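Colleague: Got a structure for you, model38.cif, holding mmCIF, C-alpha atoms and all ligand atoms.
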```cif
data_entry
loop_
_atom_site.label_atom_id
_atom_site.label_comp_id
_atom_site.auth_asym_id
_atom_site.auth_seq_id
_atom_site.Cartn_x
_atom_site.Cartn_y
_atom_site.Cartn_z
CA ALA U 1 -10.00 70.50 6.44
CA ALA U 2 -6.39 71.70 6.52
CA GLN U 3 -3.96 71.30 9.45
CA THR U 4 -1.08 73.70 8.91
CA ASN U 5 2.51 72.91 10.11
CA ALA U 6 1.47 69.26 10.47
CA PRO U 7 3.91 66.41 11.16
CA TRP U 8 5.63 65.72 7.75
CA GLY U 9 3.94 62.26 7.43
CA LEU U 10 0.44 63.75 7.72
CA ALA U 11 1.31 66.29 5.08
CA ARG U 12 2.87 63.57 2.88
CA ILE U 13 -0.24 61.30 2.86
CA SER U 14 -2.34 64.24 1.53
CA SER U 15 0.09 65.28 -1.22
CA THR U 16 1.32 63.98 -4.53
CA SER U 17 4.73 65.53 -3.74
CA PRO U 18 7.15 65.49 -0.80
CA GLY U 19 8.07 68.63 1.12
CA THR U 20 4.67 70.09 1.92
CA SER U 21 3.62 71.15 5.44
CA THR U 22 -0.19 71.07 5.41
CA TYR U 23 -2.40 67.98 6.09
CA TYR U 24 -5.48 68.22 3.89
CA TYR U 25 -8.26 65.85 4.86
CA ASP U 26 -12.01 65.47 4.88
CA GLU U 27 -13.63 66.69 8.13
CA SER U 28 -15.47 63.39 8.66
CA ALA U 29 -11.96 62.36 9.92
CA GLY U 30 -12.82 58.68 10.60
CA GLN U 31 -15.84 59.35 12.75
CA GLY U 32 -17.87 56.21 13.15
CA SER U 33 -14.88 53.81 12.52
CA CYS U 34 -12.96 51.90 15.20
CA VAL U 35 -9.21 51.11 15.32
CA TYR U 36 -7.69 48.56 17.70
CA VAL U 37 -4.02 49.32 18.54
CA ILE U 38 -2.54 45.94 19.51
CA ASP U 39 0.66 47.03 21.30
CA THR U 40 2.04 48.13 24.74
CA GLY U 41 -1.28 49.85 25.54
CA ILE U 42 -2.56 53.41 25.18
CA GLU U 43 -2.42 56.27 27.73
CA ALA U 44 -6.10 57.01 27.14
CA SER U 45 -5.99 59.99 29.49
CA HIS U 46 -3.66 61.84 27.16
CA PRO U 47 -5.40 65.18 26.21
CA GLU U 48 -4.65 64.49 22.54
CA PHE U 49 -7.12 61.54 22.52
CA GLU U 50 -10.02 63.75 23.66
CA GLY U 51 -11.84 60.90 25.37
CA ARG U 52 -11.85 58.80 22.14
CA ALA U 53 -9.41 56.18 23.40
CA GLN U 54 -9.94 53.36 25.81
CA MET U 55 -8.23 50.23 26.95
CA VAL U 56 -10.29 47.09 26.31
CA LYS U 57 -7.89 44.23 27.22
CA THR U 58 -4.55 43.62 28.78
CA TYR U 59 -2.40 40.47 29.00
CA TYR U 60 -0.25 41.96 31.79
CA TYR U 61 -0.65 43.09 35.39
CA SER U 62 -1.91 46.52 34.39
CA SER U 63 -3.61 48.06 31.38
CA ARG U 64 -1.20 51.07 31.56
CA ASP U 65 1.26 51.79 28.73
CA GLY U 66 4.54 51.84 30.73
CA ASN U 67 6.52 52.02 27.48
CA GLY U 68 5.16 54.69 25.18
CA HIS U 69 5.31 52.74 21.90
CA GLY U 70 1.54 51.84 21.82
CA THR U 71 0.62 55.42 22.77
CA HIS U 72 2.76 56.76 19.96
CA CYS U 73 1.23 54.39 17.39
CA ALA U 74 -2.31 55.23 18.68
CA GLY U 75 -1.45 58.94 18.34
CA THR U 76 -0.56 58.50 14.66
CA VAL U 77 -3.83 56.60 14.09
CA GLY U 78 -6.23 59.04 15.78
CA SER U 79 -4.85 61.77 18.11
CA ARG U 80 -6.05 65.32 17.41
CA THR U 81 -2.73 66.85 16.38
CA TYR U 82 -0.71 63.76 15.33
CA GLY U 83 -3.38 61.49 13.86
CA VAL U 84 -4.56 60.54 10.39
CA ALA U 85 -8.17 59.84 11.51
CA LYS U 86 -8.76 62.50 14.01
CA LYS U 87 -12.30 61.46 15.03
CA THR U 88 -11.99 57.66 15.12
CA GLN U 89 -12.58 55.60 18.28
CA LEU U 90 -9.39 53.93 19.58
CA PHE U 91 -9.26 50.62 21.44
CA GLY U 92 -6.11 49.47 23.29
CA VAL U 93 -5.10 45.81 23.50
CA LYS U 94 -1.88 45.34 25.54
CA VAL U 95 -0.10 42.24 24.19
CA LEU U 96 3.39 43.74 24.62
CA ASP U 97 5.07 44.35 27.99
CA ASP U 98 6.50 47.62 29.21
CA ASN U 99 9.88 46.92 27.48
CA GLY U 100 8.01 46.47 24.17
CA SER U 101 8.36 42.68 24.14
CA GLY U 102 5.80 39.93 23.90
CA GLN U 103 5.39 36.23 23.33
CA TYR U 104 3.73 35.03 20.22
CA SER U 105 1.12 33.10 22.21
CA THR U 106 -0.03 36.41 23.74
CA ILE U 107 0.05 38.24 20.43
CA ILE U 108 -2.11 35.50 18.88
CA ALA U 109 -4.60 35.66 21.78
CA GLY U 110 -4.83 39.43 21.32
CA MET U 111 -5.67 39.05 17.65
CA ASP U 112 -8.40 36.44 18.35
CA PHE U 113 -9.65 38.74 21.11
CA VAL U 114 -10.17 41.67 18.64
CA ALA U 115 -11.97 39.37 16.15
CA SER U 116 -14.57 38.56 18.80
CA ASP U 117 -14.62 41.84 20.80
CA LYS U 118 -15.47 43.94 17.71
CA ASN U 119 -18.80 42.18 17.51
CA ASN U 120 -19.71 43.89 20.82
CA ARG U 121 -18.75 47.44 19.79
CA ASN U 122 -20.62 49.98 17.80
CA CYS U 123 -18.39 50.71 14.79
CA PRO U 124 -20.86 51.60 12.04
CA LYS U 125 -18.19 52.60 9.45
CA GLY U 126 -16.05 49.46 10.14
CA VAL U 127 -13.10 48.14 12.12
CA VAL U 128 -9.34 48.33 11.66
CA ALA U 129 -6.47 46.74 13.66
CA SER U 130 -2.94 48.19 13.77
CA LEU U 131 -0.12 45.70 14.63
CA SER U 132 3.23 47.51 15.03
CA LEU U 133 4.96 44.37 16.17
CA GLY U 134 6.40 41.01 15.06
CA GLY U 135 9.39 38.72 14.97
CA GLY U 136 10.65 35.77 12.90
CA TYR U 137 8.45 33.67 10.68
CA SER U 138 5.58 31.78 12.44
CA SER U 139 2.82 30.05 10.57
CA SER U 140 0.62 30.28 13.76
CA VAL U 141 1.14 34.09 14.04
CA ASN U 142 0.36 34.48 10.29
CA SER U 143 -2.78 32.29 10.66
CA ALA U 144 -3.94 34.49 13.53
CA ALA U 145 -3.59 37.64 11.41
CA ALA U 146 -5.42 35.94 8.48
CA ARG U 147 -8.26 34.96 10.87
CA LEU U 148 -8.47 38.55 12.16
CA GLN U 149 -8.73 39.87 8.61
CA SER U 150 -11.21 37.15 7.59
CA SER U 151 -13.46 38.16 10.58
CA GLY U 152 -14.12 41.55 8.96
CA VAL U 153 -11.15 43.70 10.34
CA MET U 154 -8.82 45.73 8.20
CA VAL U 155 -5.47 44.37 9.47
CA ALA U 156 -2.37 46.55 8.95
CA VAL U 157 1.00 45.13 10.08
CA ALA U 158 4.53 46.40 10.21
CA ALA U 159 6.98 45.06 7.60
CA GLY U 160 9.85 44.96 10.24
CA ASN U 161 13.02 46.99 10.69
CA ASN U 162 15.72 44.57 9.53
CA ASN U 163 16.45 46.01 6.01
CA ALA U 164 15.63 42.51 4.80
CA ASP U 165 12.91 40.60 3.01
CA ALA U 166 9.71 40.60 5.04
CA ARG U 167 9.08 36.95 3.92
CA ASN U 168 11.03 35.90 7.00
CA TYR U 169 8.99 37.85 9.55
CA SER U 170 5.49 37.46 11.06
CA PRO U 171 2.83 38.71 10.82
CA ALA U 172 4.53 40.72 7.96
CA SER U 173 4.69 37.66 5.75
CA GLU U 174 0.94 36.83 5.98
CA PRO U 175 -0.26 37.65 2.41
CA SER U 176 -3.91 38.36 3.34
CA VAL U 177 -3.25 41.40 5.64
CA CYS U 178 -1.78 44.82 4.71
CA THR U 179 2.05 44.78 5.15
CA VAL U 180 3.47 48.32 5.57
CA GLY U 181 7.04 49.51 4.80
CA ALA U 182 8.51 52.81 5.94
CA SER U 183 9.63 55.90 4.03
CA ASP U 184 11.41 59.14 5.07
CA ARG U 185 10.57 62.79 4.33
CA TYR U 186 12.76 62.82 1.17
CA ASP U 187 10.75 59.80 -0.30
CA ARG U 188 13.50 57.29 0.29
CA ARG U 189 12.69 53.86 1.63
CA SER U 190 13.68 54.18 5.30
CA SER U 191 17.13 52.77 5.99
CA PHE U 192 15.77 50.04 8.30
CA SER U 193 12.61 49.20 6.37
CA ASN U 194 12.01 45.63 5.27
CA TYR U 195 11.11 45.10 1.63
CA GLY U 196 9.96 42.23 -0.56
CA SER U 197 7.04 41.08 -2.68
CA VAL U 198 4.79 40.68 0.36
CA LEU U 199 4.74 44.45 1.07
CA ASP U 200 1.51 46.08 0.06
CA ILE U 201 2.22 49.79 0.72
CA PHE U 202 4.69 52.24 2.29
CA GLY U 203 3.84 54.95 4.81
CA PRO U 204 5.86 57.59 6.56
CA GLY U 205 8.08 55.98 9.24
CA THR U 206 11.28 58.00 9.74
CA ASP U 207 11.15 60.79 12.40
CA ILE U 208 7.43 60.64 13.18
CA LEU U 209 6.15 62.96 15.89
CA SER U 210 3.27 61.63 18.02
CA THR U 211 1.96 61.23 21.53
CA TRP U 212 3.94 59.68 24.36
CA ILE U 213 3.22 58.59 27.92
CA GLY U 214 3.21 61.14 30.71
CA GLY U 215 1.04 63.40 28.49
CA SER U 216 4.09 64.10 26.33
CA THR U 217 5.14 63.87 22.63
CA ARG U 218 8.21 62.65 20.76
CA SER U 219 9.66 61.73 17.39
CA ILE U 220 10.64 58.11 16.76
CA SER U 221 11.23 55.96 13.74
CA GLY U 222 10.21 52.52 12.49
CA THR U 223 7.84 50.42 10.38
CA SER U 224 5.84 50.64 13.62
CA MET U 225 5.22 54.39 12.82
CA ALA U 226 4.35 53.68 9.17
CA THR U 227 1.72 51.04 10.04
CA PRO U 228 -0.65 53.37 11.97
CA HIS U 229 -0.55 55.89 9.06
CA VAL U 230 -2.09 53.09 6.95
CA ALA U 231 -4.48 51.97 9.59
CA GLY U 232 -5.71 55.56 10.13
CA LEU U 233 -5.98 56.07 6.41
CA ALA U 234 -8.09 52.90 6.13
CA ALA U 235 -10.47 54.10 8.92
CA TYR U 236 -10.65 57.53 7.16
CA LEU U 237 -11.56 55.94 3.83
CA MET U 238 -14.03 53.50 5.38
CA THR U 239 -15.89 56.41 7.09
CA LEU U 240 -16.03 58.16 3.63
CA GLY U 241 -17.55 54.87 2.25
CA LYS U 242 -14.87 54.52 -0.38
CA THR U 243 -13.79 51.06 0.76
CA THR U 244 -14.45 48.21 3.28
CA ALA U 245 -12.31 46.15 5.73
CA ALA U 246 -11.87 43.48 3.11
CA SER U 247 -10.87 45.79 0.26
CA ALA U 248 -9.02 48.74 1.95
CA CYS U 249 -5.49 47.54 1.52
CA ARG U 250 -6.02 46.98 -2.24
CA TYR U 251 -7.88 50.36 -2.44
CA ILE U 252 -4.94 52.17 -0.75
CA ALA U 253 -2.51 50.43 -3.09
CA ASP U 254 -4.49 51.31 -6.17
CA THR U 255 -4.81 54.96 -5.12
CA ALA U 256 -1.21 55.33 -3.79
CA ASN U 257 1.44 57.65 -5.12
CA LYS U 258 3.29 55.35 -7.56
CA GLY U 259 6.89 55.47 -8.38
CA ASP U 260 7.73 58.29 -5.88
CA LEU U 261 10.14 56.39 -3.69
CA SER U 262 13.83 55.79 -4.07
CA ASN U 263 15.95 52.74 -2.99
CA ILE U 264 13.06 50.36 -3.66
CA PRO U 265 14.48 46.95 -4.62
CA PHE U 266 13.17 45.43 -7.84
CA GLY U 267 10.14 43.25 -6.98
CA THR U 268 9.01 45.51 -4.12
CA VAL U 269 6.02 47.84 -4.69
CA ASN U 270 6.79 51.54 -5.19
CA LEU U 271 3.63 52.70 -3.65
CA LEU U 272 3.19 55.43 -0.95
CA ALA U 273 -0.08 55.78 0.96
CA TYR U 274 -2.12 58.74 -0.30
CA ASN U 275 -5.59 60.06 0.67
CA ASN U 276 -6.44 61.64 -2.75
CA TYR U 277 -8.30 64.39 -0.92
CA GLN U 278 -9.50 67.30 -3.12
CA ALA U 279 -11.13 70.25 -1.23
CA CA U 301 4.60 62.26 -6.97
CA CA U 302 -1.01 41.68 1.60
#
```
How does the structure come out when it is put into structure tokens?
Ligand SMILES: [Ca+2]
Ligand SMILES: [Ca+2]
Modeller:
Amino acid sequence: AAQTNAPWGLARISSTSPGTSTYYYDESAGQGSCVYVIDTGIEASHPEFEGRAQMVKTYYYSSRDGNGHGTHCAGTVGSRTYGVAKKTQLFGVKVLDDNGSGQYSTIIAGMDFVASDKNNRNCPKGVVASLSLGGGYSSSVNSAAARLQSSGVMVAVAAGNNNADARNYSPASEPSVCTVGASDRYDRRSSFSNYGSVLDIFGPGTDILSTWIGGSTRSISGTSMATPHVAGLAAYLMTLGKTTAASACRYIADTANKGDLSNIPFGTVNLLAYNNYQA
């Protein structure tokens, strides 16, 4: 398959070079995988989700995304026009409030929820969780992410937007999950992206167009936008049978574009997520 005039990040993950405009991908498109978007929720009625999204848990008064952020992230995972894995099933877990905030106790509960809830879903090609969230270092938050991974879920987490070492942020700093930095369309590390030895991979995160609440779309930026590129890419590769929940991060790293990025600090990986699709 080939989506012309795609969002630049979609084009970028299917090219060895920046500046292309077509997203080339296998038509299997993540069918048979499942991705949990642990965030502010998902506006599952958005036309772009085509009935493939649903809310499965909320920690607030409503299951509605009153923010947009979780809808955006879910769009980059799996919407028709904006998504990496355009036929995956999406599951919404609302652990963040409508201002985008949440307490670590809630975030932890949400992760343990996914670990159990996946055992009651039919996800024959495997299960991924996308966590575009975090704050300062917490060993309990890291332990929760490690448990989620251990349970058989491909966990992708944002590196954080502090232009600092991700060692001091959670769940970014949990070594066993996949920690995602952000890049821009000119293959620079994004100005706000965290860095550090704990990063596994970079994905597109500056000026990312996706779905928004009220059946709308917009462009926003952050390691939160990079993370769902990786999570959708994992689901895509798991449906193709190339990798498993346990091995996907390492697979993506090993098959990344290497050495493409600028302003990567020594000791941080120079690796950009890449689907290695050949028609
Ligand atoms: Ca290159
Ligand atoms: Ca890691």
Colleague: May I ask for the distance between CA of residue 229 in chain U and CA of residue 204 in chain U, given in Å to one decimal place?
Modeller: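 So the two atoms, CA of residue 229 in chain U and CA of residue 204 in chain U, lie 7.1 Å apart.
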Colleague: Using all atoms listed in the file, which residues have at least one atom no more than 9 Å from ligand CA 302 (chain U)? Output them as a list in words.
Modeller: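 I would give the residues around ligand CA 302 (chain U) as residues 156, 172, 173, 174, 175, 176, 177, 178, 179, 180, 198, 199, 200, 201, 249 and 250 of chain U.
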Colleague: When you count only C-alpha atoms and all ligand atoms, which of these residues is closest to ligand CA 301 (chain U): U:103, U:79, U:257, U:40?
Modeller: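 Closest residue, counting only C-alpha atoms and all ligand atoms: U:257.
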Colleague: When you count only C-alpha atoms and all ligand atoms, which of these residues is closest to ligand CA 301 (chain U): U:189, U:269, U:134, U:256?
Modeller: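 Among the listed residues, U:256 lies closest to ligand CA 301 (chain U).
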Colleague: Residues at most 8 Å from residue 270 in chain U, counting only C-alpha atoms, excluding those fewer than 4 positions away in the same chain, as an MDAnalysis selection string?
Modeller: chainID U and resid 201:202 258:261 264
Colleague: Per residue of chain U within 12 Å of ligand CA 301 (chain U), which atom pair is closest and at what distance in Å (one decimal), using only C-alpha atoms and all ligand atoms, listed by chain and increasing number, as a tab-separated table?
Modeller:
```
residue	atom	partner	partner_atom	distance
U:12	CA	U:CA301	CA	10.1
U:13	CA	U:CA301	CA	11.0
U:14	CA	U:CA301	CA	11.2
U:15	CA	U:CA301	CA	7.9
U:16	CA	U:CA301	CA	4.4
U:17	CA	U:CA301	CA	4.6
U:18	CA	U:CA301	CA	7.4
U:19	CA	U:CA301	CA	10.9
U:20	CA	U:CA301	CA	11.8
U:186	CA	U:CA301	CA	11.5
U:187	CA	U:CA301	CA	9.4
U:256	CA	U:CA301	CA	9.6
U:257	CA	U:CA301	CA	5.9
U:258	CA	U:CA301	CA	7.1
U:259	CA	U:CA301	CA	7.3
U:260	CA	U:CA301	CA	5.2
U:261	CA	U:CA301	CA	8.7
U:262	CA	U:CA301	CA	11.6
U:270	CA	U:CA301	CA	11.1
U:271	CA	U:CA301	CA	10.2
U:272	CA	U:CA301	CA	9.2
U:273	CA	U:CA301	CA	11.3
U:274	CA	U:CA301	CA	10.1
U:276	CA	U:CA301	CA	11.8
```
Colleague: With C-alpha atoms retained, export the selected residues as a short mmCIF file (atom, residue, chain, number, x, y, z; two decimals), in the coordinates of the input.
Modeller:
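Ended up saving to out_26.cif:
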```cif
data_model
loop_
_atom_site.label_atom_id
_atom_site.label_comp_id
_atom_site.auth_asym_id
_atom_site.auth_seq_id
_atom_site.Cartn_x
_atom_site.Cartn_y
_atom_site.Cartn_z
CA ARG U 12 2.87 63.57 2.88
CA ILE U 13 -0.24 61.30 2.86
CA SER U 14 -2.34 64.24 1.53
CA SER U 15 0.09 65.28 -1.22
CA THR U 16 1.32 63.98 -4.53
CA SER U 17 4.73 65.53 -3.74
CA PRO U 18 7.15 65.49 -0.80
CA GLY U 19 8.07 68.63 1.12
CA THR U 20 4.67 70.09 1.92
CA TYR U 186 12.76 62.82 1.17
CA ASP U 187 10.75 59.80 -0.30
CA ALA U 256 -1.21 55.33 -3.79
CA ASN U 257 1.44 57.65 -5.12
CA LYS U 258 3.29 55.35 -7.56
CA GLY U 259 6.89 55.47 -8.38
CA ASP U 260 7.73 58.29 -5.88
CA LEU U 261 10.14 56.39 -3.69
CA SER U 262 13.83 55.79 -4.07
CA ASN U 270 6.79 51.54 -5.19
CA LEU U 271 3.63 52.70 -3.65
CA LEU U 272 3.19 55.43 -0.95
CA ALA U 273 -0.08 55.78 0.96
CA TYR U 274 -2.12 58.74 -0.30
CA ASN U 276 -6.44 61.64 -2.75
#
```
Colleague: Go through U:84, U:224, U:71, U:45 one by one, measure the shortest atom-to-atom distance of each to residue 27 in chain U using only C-alpha atoms, and give the residue with the smallest value.
Modeller: U:84
Colleague: Distance CA of residue 22 in chain U-CA of residue 159 in chain U, one decimal place?
Modeller: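 For CA of residue 22 in chain U relative to CA of residue 159 in chain U, the distance reads 27.1 Å.
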Colleague: Pick out the residues sitting within 9 Å of residue 246 in chain U, and hand them over as an MDAnalysis selection string; count all atoms listed in the file, and ignore anything fewer than 4 positions along from it in its own chain.
Modeller: chainID U and resid 149:150 152:154 250
Colleague: Of the candidates U:118, U:72, U:57, U:86, which one gets nearest to residue 211 in chain U if we count all atoms listed in the file?
Modeller: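 Once distances to residue 211 in chain U are computed over all atoms listed in the file, the minimum belongs to U:72.
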Colleague: In Å to one decimal, how far is CA of residue 52 in chain U from CA of residue 120 in chain U?
Modeller: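 Separation between CA of residue 120 in chain U and CA of residue 52 in chain U: 16.9 Å.
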Colleague: If you count only C-alpha atoms, which residues fall within 12 Å of residue 44 in chain U, apart from same-chain ones fewer than 5 positions away, as a ChimeraX atom specification?
Modeller: /U:37,49-56,63-65,68,70-72,74-75,78-79,89-93,211-215
Colleague: May I ask which of the residues U:221, U:76, U:140, U:99 is the closest one to residue 112 in chain U, counting all atoms listed in the file?
Modeller: U:140
Colleague: Measuring between only C-alpha atoms, which one of U:181, U:9, U:32, U:265 shows the shortest distance to residue 126 in chain U?
Modeller: U:32
